Structures are given as structure tokens and as C-alpha cells.
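To begin, one chain is listed below as C-alpha cells, in the form deposited in one PDB entry.
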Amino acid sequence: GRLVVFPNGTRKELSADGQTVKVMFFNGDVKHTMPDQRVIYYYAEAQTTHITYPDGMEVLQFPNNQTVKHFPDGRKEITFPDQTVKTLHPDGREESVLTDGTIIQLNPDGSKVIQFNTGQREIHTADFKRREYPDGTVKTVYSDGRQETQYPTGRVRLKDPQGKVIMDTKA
């Protein structure tokens, strides 16, 4: 049950059972250090809880009920109250998994990819919006209005903006 009061008012007190080292900082921050070396830190101003594990993993819990987990591999995973999980990868990719299973990926090249739970995949770039279907069919609409269908057979059919076929090839 040791107690140290530092000249600045910060208190360090061991729990009655000897297991938790509790620091109450003069600014209202509180730190608990556990036997397994887990550190739990409450930031009073931000009202945020920050847990640091021995392996270096960190988890933050914010007032708005968001959680952010920092993984040793460099990923940062943000969980929203509604169950949406957003992962930030080291390469700059951001992938959100919605509660219905939909995946929305934001890529460092400007593109947005949506993977629907039906297998269908939508790719949006500055130059086109493309839909890929599980069988191998691809429909691409260009910013200029041209439309290309690739069939799983190798056939590629291209149409002008009015829908007139201007190219239809197959090997």
C-alpha cells in the first residue's frame, strides 16, 4: 500500500492487493500499470483511454466511442460504434468493412473500389467507372461516355456514347 506524493502533487500509490501501480498525475491524468506490464493511461483533457501492451500494440478508446488499434505490422484499425471497421495500411490503402459485409477501398492512386457482398466489384477512377461480375464479365463506362463490355469468352465490344457499336472483337 505504498504512497508517494511528489512535490508537484502527483501521487503514486500501489493498490491494496499490491498488483496495480496507480499514478494520479496533478493534471488529472491517471495511469495504471499491471503485473503483466500492460499500461492503461487516461488523458483527462481528451477523455481518452490509451492502453499499451508489452508487445508494443496500442489501443485507444475515444469519448465518441471509437476505438483505434495500432498493430506492430503498421496497420491502424478504427472501429466505429455502428460496427464499421476501417483499416489504414502502411502503403496508404484504406479499407472500410461495413456491417452488411460491403468493402470500400480507397487507394493511393485516386481510385475507389467497392466490393459488394454479391461478388460484384465496382472500380472508380478519374477516367472510368467499371463493374466486374463474378463470371468474368466487365462493363466499363469512360468519362467521355463510351462503353466497353468484356465477356468471359474474350469478346470485347465497345460502344460510342449513343450506344452504337464501334468495335467488336474476339480471338
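Quick note: we count residues from 1 along the sequence shown, nothing fancier.
Below: the form deposited with a partner chain bound, not depicted.
Out of the listed residues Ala46, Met34, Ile103, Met57, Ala46 is the one that sits within 4.5 Å of the partner chain in the entry with it bound by at least one heavy atom. Among heavy atoms of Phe128, none comes within 4.5 Å of the partner chain in the entry with it bound. Proximity of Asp29 to the partner chain in the entry with it bound: non-hydrogen atoms within 4.5 Å are present. Taking the partner from elsewhere, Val141 is found to have every heavy atom lying beyond 4.5 Å of the partner chain in the entry with it bound. The partner chain in the entry with it bound comes within 4.5 Å of a heavy atom belonging to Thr10. Just one listed stretch, out of 129 to 137, 142 to 150, 114 to 122, 38 to 46, contacts the partner chain in the entry with it bound at the 4.5 Å heavy atom level, and that stretch is 38 to 46.
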